[PDB]
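Structure record follows, encoded as structure tokens.
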Amino acid sequence: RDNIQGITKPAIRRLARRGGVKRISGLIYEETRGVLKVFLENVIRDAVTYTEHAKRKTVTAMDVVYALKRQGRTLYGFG
Amino acid sequence: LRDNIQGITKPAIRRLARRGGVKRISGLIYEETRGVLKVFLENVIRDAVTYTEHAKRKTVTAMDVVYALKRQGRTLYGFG
Amino acid sequence: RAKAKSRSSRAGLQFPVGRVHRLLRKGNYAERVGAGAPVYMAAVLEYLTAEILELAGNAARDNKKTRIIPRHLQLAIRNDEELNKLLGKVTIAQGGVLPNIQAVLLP
Amino acid sequence: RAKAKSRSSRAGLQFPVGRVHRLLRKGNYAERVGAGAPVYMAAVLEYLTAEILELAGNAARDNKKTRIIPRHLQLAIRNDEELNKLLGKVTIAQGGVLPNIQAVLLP
Amino acid sequence: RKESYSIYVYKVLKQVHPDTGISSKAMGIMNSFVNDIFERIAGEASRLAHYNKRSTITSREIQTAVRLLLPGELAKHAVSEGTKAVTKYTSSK
Amino acid sequence: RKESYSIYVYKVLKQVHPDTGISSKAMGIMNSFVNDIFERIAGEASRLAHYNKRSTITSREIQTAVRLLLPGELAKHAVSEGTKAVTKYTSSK
Amino acid sequence: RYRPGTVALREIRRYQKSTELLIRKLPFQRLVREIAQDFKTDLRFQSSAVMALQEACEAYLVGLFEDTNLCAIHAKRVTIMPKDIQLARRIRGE
Amino acid sequence: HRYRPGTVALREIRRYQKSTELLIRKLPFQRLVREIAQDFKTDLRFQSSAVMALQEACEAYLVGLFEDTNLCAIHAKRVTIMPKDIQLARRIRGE
Amino acid sequence: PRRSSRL
Amino acid sequence: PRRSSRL
DNA sequence: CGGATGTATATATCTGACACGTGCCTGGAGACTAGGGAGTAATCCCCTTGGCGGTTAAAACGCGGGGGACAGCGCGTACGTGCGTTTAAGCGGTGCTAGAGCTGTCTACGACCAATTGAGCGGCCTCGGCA
DNA sequence: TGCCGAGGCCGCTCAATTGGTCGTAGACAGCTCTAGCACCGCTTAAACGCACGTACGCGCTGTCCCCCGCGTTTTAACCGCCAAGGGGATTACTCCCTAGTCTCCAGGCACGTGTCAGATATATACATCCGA
């Protein structure tokens with residue numbers, strides 16, 4: 001469905017500015033898109049597995065929190 | 001016991017670097033390596049001695065060392 | 001039968017000793033739980049909470065504000081060294097980052 | 001009593017099912033343990049063990065040896081991609097490293 | 001009926017800063033923090049008891065778990081707080 | 001008495017490579033590996049049972065914990081092995 | 001007009017002071033559903049679940065960029081590059 | 001006869017990446033371990049296998065760190081490793 | 001108010 | 001001889 | 001091309017660790033009963049999805065220019081290679097006792113159950129901290 | 001200049017507290033014997049110190065091309081409002097699956113033993129490097 005192109009170049013620039021970066025080469029955007037896709041696939045697979053084990057049709061914030069904690073990425077503020 | 005960090009000599013550090021795949025070494029590497037090793041060893045031994053003290057023992061054991069290493073994400077195979 | 005006195009006030013704490021005891025008993029941790037364990041655990045939890053809240057309130061006052069927000073929590077945690085070591089792999093939602101620019105990039 | 005039939009023989013396995021059942025029951029994991037869980041766990045453990053041993057035997061044969069040693073085990077694990085992912089934070093004693101020299105250091 | 005630590009966190013906040021509020025998002029974050037620390041300490045104590053072939057979790061296991069998990073000066077002041085509460089609770093039976 | 005997995009590991013080795021042996025250090029390493037994997041799987045299953053307010057650990061929880069722990073192709077074959085063994089066991093009583 | 005670098009420093013100072021999310025919510029949600037399509041069909045989502053995913057992703061990317069900056073400064077450069085990103089990820093272990 | 005600089009180094013890399021023995025001397029390492037441990041508790045005894053476990057862990061850790069340091073050095077178009085390479089590697093690893 | 005000896 | 005179909 | 005220098009090859013040989021066999025004892029299998037955990041069935045209402053219109057914040061695009069990345073060159077110093085000399089690691093016996101491990105008794109402590117009731121949660125209402 | 005969410009006020013149910021009983025986990029004491037510490041003498045292997053030279057960090061210069069800052073036009077994100085139903089969540093009820101006991105009995109563990117895989121040297125054929 002080609003929805004990765006919705007992560008636009010100015011958004012990546014804003015993230016890099018929050019990261020303290022001052023100058024950005026023109027090939028960084030495609031690399032960033034690939035890295036983000038890998039990370040998102042890794043998290044969503046585990047979230048869906050938890051949802052399926054509960055015999056549910058709806059993914060929940062606690063599913064997402066458990067999946068994140070499983071990878072050593074604990075997150076506060078969503079239950 | 002004092003000044004036992006100098007027993008980790010320059011040829012031994014060179015052998016470790018050779019196993020690591022390094023081809024050239026500057027002369028200031030050895031002091032840095034000694035400091036890094038001392039920090040790591042202190043971190044492991046503190047936890048091992050805590051495990052030994054909880055059991056009311058006077059002898060540190062291989063299981064104490066293995067538990068201390070596993071507590072830090074450095075699992076070791078081959079000692080029980 | 002006499003007047004019921006809570007174990008929290010008996011130990012001089014604010015955290016719920018009985019609730020801590022029930023969670024320990026039900027959490028599949030060990031076959032049996034001793035009597036002093038909930039008291040010790042509640043004391044430790046209360047102490048850590050007090051530390052974090054004091055630092056966060058200091059940050060809130062430094063921002064000329066009355067209410068504590070996640071930004072203040074994040075600032076306190078990341079500015080305290082031991083707390084930063086303890087909460088090393090934790091993300092605080094809506095927290096932000098510490099202001100920091102490398103010296104080489106400055107004009 | 002119509003003679004004792006091993007639970008491992010009923011499942012067609014080599015790993016012990018009764019011992020796995022006892023370990024699950026004594027390990028403070030839950031209040032109750034179902035009947036097919038030890039069978040499932042024993043099957044998974046046996047499958048993984050066979051997977052590692054085949055590669056270790058191949059490495060030993062390539063080394064012109066009859067017996068498997070930690071060096072062979074380490075070579076097998078580090079050369080298999082998925083096993084390397086599974087055991088990526090494990091140190092094997094007397095295992096050594098994989099031979100690898102960066103291309104820019106060569107003459 | 002959902003239970004949380006909100007009232008106790010608020011009591012500690014009133015003790016520390018008498019004139020200062022807290023928003024609901026920050027309260028949720030504090031709830032997450034308390035639950036996380038509880039889980040860490042309880043797991044460490046359970047591992048210790050299993051290692052020493054005991055079947056009980058006592059205050060000695062909690063004290064050793066705190067030393068293993070908290071860094072530096074945080075452990076020293078936490079161990080002193082826990083010891084004081086146990087000896088005060090025992091005196092009044 | 002010190003129980004271990006040595007005889008079962010040896011049987012599996014005999015049926016994979018008939019004319020091949022193993023030394024005691026390698027056997028110790030294999031024992032460590034088996035214990036480590038057992039602990040990982042059991043811990044994940046215990047957490048799964050707790051998250052859903054269940055009191056028992058069944059083979060449905062073992063299967064889900066295997067799908068969370070093993071990498072892609074390893075998990076698919078491990079699930080096939082575990083399902084086949086339970087079916088054979090069930091049609092034996 | 002300003003010299004190249006002044007506006008960049010001002011933007012760094014501006015974005016290191018706030019806490020709002022920097023990606024657009026609707027495109028992010030579309031991408032999340034697209035990815036989830038491959039694991040199960042006809043899946044519903046909670047708004048808080050999507051929000052948690054976005055917060056985690058943004059924190060991860062910001063951390064990666066701050067590591068890439070160090071890698072770029074090590075090589076006596078100012079511009080970040082795909083080689084810097086690859087080195088940071090390789091050392092991290094991903 | 002005299003070899004050119006680098007030939008012996010490559011031969012040494014090839015030799016030491018093939019074997020599995022420990023590369024540090026046992027008695028000095030044991031002295032260092034006891035000296036460090038004397039600061040946490042006095043009159044401590046050690047089992048024989050505990051010292052060996054400590055040595056294996058230390059050597060594996062240092063070899064991995066050197067592997068990362070070499071990549072950091074190569075990234076800057078160099079062949080020699082320097083203290084700043086170790087510092088960058090440890091900072092990225094999170095130590 | 002309640003203060004800390006660590007700070 | 002037992003062999004793995006994954007390989 | 002040619003020589004000195006490490007590489008792998010095939011001889012023998014000997015030793016100690018691996019693989020196998022035995023006696024027994026403790027843990028696993030068989031059979032039975034009892035209770036509650038979980039599996040269906042059914043209903044309520046919360047919240048997720050889908051659509052429409054407007055407004056305006058953000059994205060997309062083109063242009064000009066300067067500053068940063070990259071290649072090339074020269075130089076001096078610091079690290080690698082090799083040799084002679086000094087040190088202390090490794091090995092093999094011997095002695096000694098500190099402490100880890102095991103066994104038996106017997107109390108104090110924690111699980112369990114019944115009866116009360118006050119702590120804590122849900123629902124409302126208001127005003128002042130904050131954008 | 002507000003407007004909405006933080007804090008404070010009741011009703012009420014349920015989970016924490018008090019009191020008593022029972023059984024076993026663990027604390028204490030005594031005994032055994034293994035292994036961790038300490039020492040001594042001998043070989044020789046490795047650490048150490050020195051000298052020479054070369055190759056590689058490192059600074060300096062020059063060229064160009066590619067990112068940045070800015071103005072303009074197009075796009076769709078966002079926000080408010082509305083409607084419909086899939087499914088999350090709860091309650092009732094029954095049965096079947098797991099825990100707990102008591103007999104039996106054989107699978108696995110400690111122990112002893114006897115050969116063969118694989119470490120050691122020696123002589124040898126052969127790549128390999130470097131300066132001619």
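Every heavy atom of this structure was used, including side-chain atoms; hydrogens, water molecules and symmetry mates were not. Proteins come first, then strands; the chains are lettered A, B, ... in the order of their sequence lines, and each starts at number 1.
- Base contact: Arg1(D) has a heavy atom under 4.0 Å from a base atom.
- Only the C1' atoms considered, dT85(K) is 32 Å distant from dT128(L), to the nearest whole Å.
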Going through the checks in order, is the side chain to side chain contact (heavy atoms under 4.5 Å, CB included) test met by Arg15(H) and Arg18(B)? CA-CA 9 Å; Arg15(H) 167 198 173 160; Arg18(B) 288 284 123 85; over 6 Å; no
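- Between the P atoms of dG6(K) and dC83(K), the separation comes to 10 Å (whole Å).
- One interatomic measurement links the two molecules: CZ of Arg2(H) to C1' of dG3(K), which rounds to 19 Å at whole-angstrom precision.
- Remark: DNA chain K forms stems of 3 or more consecutive Watson-Crick or G-U wobble pairs, all pair distances under 3.5 Å, at K:2-12 with L:120-130, K:14-45 with L:87-118, K:47-57 with L:75-85, K:59-84 with L:48-73, K:89-118 with L:14-43, K:120-128 with L:4-12.
- Here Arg31(H) lies in heavy-atom contact (under 4.0 Å) with sugar-phosphate atoms only.
- Nearest-nucleotide positions on DNA chain K for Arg19(D) and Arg45(H) put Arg19(D) closer to the 5' end.
- Among the protein residues, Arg32(D) comes within range of the sugar-phosphate backbone only, with heavy atoms under 4.0 Å from sugar or phosphate atoms but none that close to a base.
- For the side chain to side chain contact (heavy atoms under 4.5 Å, CB included) test, residues two or more places apart in sequence or in another chain that qualify with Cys71(G) are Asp84(G), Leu87(G), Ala88(G).
- Distance check on atom P: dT103(K) versus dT113(L) gives 26 Å, rounded to whole Å.
- Computed from coordinates, the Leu22(H) CG to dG90(K) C1' distance equals 15 Å when rounded to whole Å.
- Distance, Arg7(D) CZ to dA29(K) P: 5 Å, rounded to whole Å.
- Side-chain N/O atoms of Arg23(A) and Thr79(G) include a donor and acceptor closer than 3.5 Å.
- Among the atoms of the strands shown, only primed sugar atoms or phosphate atoms (P, OP1, OP2) are found under 4.0 Å from some heavy atom of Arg10(D).
- Counting only heavy atoms from C-beta outward, the side chains of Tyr30(B) and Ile25(B) approach each other to under 4.5 Å.
- Contact between the side-chain N/O atoms of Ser47(G) and the OP1/OP2 oxygens of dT48(K) is found at a separation under 4.0 Å.
- A cation-pi arrangement is not found for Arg19(C) relative to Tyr8(E), the charged atom failing to lie both closer than 6.0 Å to the ring centre and inside a 45° cone about the ring normal.
- Evaluation of the ring-ring contact (aromatic ring centres under 6.0 Å, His included) rule for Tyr3(H) yields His1(H) as partners, not counting sequence neighbours.
- Taking only side-chain nitrogens and oxygens, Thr58(A) never comes nearer than 4.0 Å to OP1 or OP2 of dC47(K).
- Nucleotide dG27(K) holds its P atom 12 Å from the NZ atom of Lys26(D), rounded to whole Å.
- A donor atom on one side chain and an acceptor atom on the other are found under 3.5 Å apart for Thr6(G) and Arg3(G).
- Here the side chain of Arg1(F) is nearest to one of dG80(K), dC130(K), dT26(K), namely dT26(K).
- Scanning DNA chain L 5' to 3' for nucleotides with an atom closer than 4.0 angstrom to a non-hydrogen atom of chain D gives a first and last hit of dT98(L) to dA119(L).
- Using a 4.0 Å heavy-atom distance criterion, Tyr8(F) is classed as a sugar-phosphate-only contact.
- Residue contacts for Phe29(H): at a heavy-atom cut-off of 4.0 Å it reaches no nucleic acid atom on any strand shown.
- Counting heavy atoms from C-beta on, the side chains of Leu27(H) and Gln30(H) never come closer than 4.5 Å.
- Side-chain nitrogen and oxygen atoms of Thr66(C) include at least one within less than 4.0 Å of the OP1 or OP2 phosphate oxygen of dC130(K).
- Rounded to whole angstrom, the span from the NZ atom of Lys5(C) across to the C1' atom of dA119(K) amounts to 15 Å.
- Side-chain contact between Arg14(A) and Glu11(G): absent, with no pair of heavy atoms (C-beta onward) separated by less than 4.5 Å.
- By the 4.5 Å heavy-atom criterion applied to side chains, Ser23(E) and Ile68(C) are not counted as neighbours.
- Between the CZ atom of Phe46(H) and the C1' atom of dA98(K) there is a distance of 17 Å, rounded to whole Å.
- Comparing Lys25(E) and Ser8(C) by the nucleotide of DNA chain L whose heavy atom lies nearest to each, the residue mapping closer to the 5' end is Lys25(E).
- Ranked by how close their nearest DNA chain L nucleotide is to the 5' end, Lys2(F) and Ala4(C) are led by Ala4(C).
- Counting any heavy atom pair closer than 4.0 Å across all strands shown, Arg25(C) reaches no nucleic acid atom.
- Put simply, the side chain of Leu16(B) does not reach to within 4.5 Å of the side chain of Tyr16(H), judged on heavy atoms.
- Judged by the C1'-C2'-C3'-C4' torsion, the sugar of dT9(K) sits on the south side, since the angle is negative.
- Rounded to whole angstrom, the span from the NZ atom of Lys57(A) across to the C1' atom of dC47(K) amounts to 16 Å.
- Candidate nucleotides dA29(K), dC121(K), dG37(K) were compared by shortest atom distance to the side chain of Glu3(E), and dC121(K) ranks first.
- Atom CD in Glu31(C) sits roughly 13 Å away from atom P in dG110(K) (whole-Å rounding).
- Residues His21(C) and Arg7(C) have side chains that bring a donor and an acceptor to within less than 3.5 angstrom of each other.
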Please encode protein proximity along nucleotides 50-74 of chain K as a string of B, S and -, counting only heavy-atom distances under 4.0 Å. ---------SS------SSSS----
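- Comparing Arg22(D) and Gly36(C), the nucleotide of DNA chain K nearest to each residue sits closer to the 5' end for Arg22(D).
- Taking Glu31(D) as the reference, nothing meets the side-chain hydrogen bond (donor to acceptor under 3.5 Å, both in side chains) condition, with sequence neighbours excluded.
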Assess the residue pair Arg57(B) and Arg45(H) against the criterion (side chain to side chain contact (heavy atoms under 4.5 Å, CB included)); give the C-alpha distance rounded to whole Å, side-chain angles, the decisive distance to 0.1 Å, and a yes or no. CA-CA 9 Å; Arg57(B) 267 193 281 101; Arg45(H) 296 185 143 201; over 6 Å; no
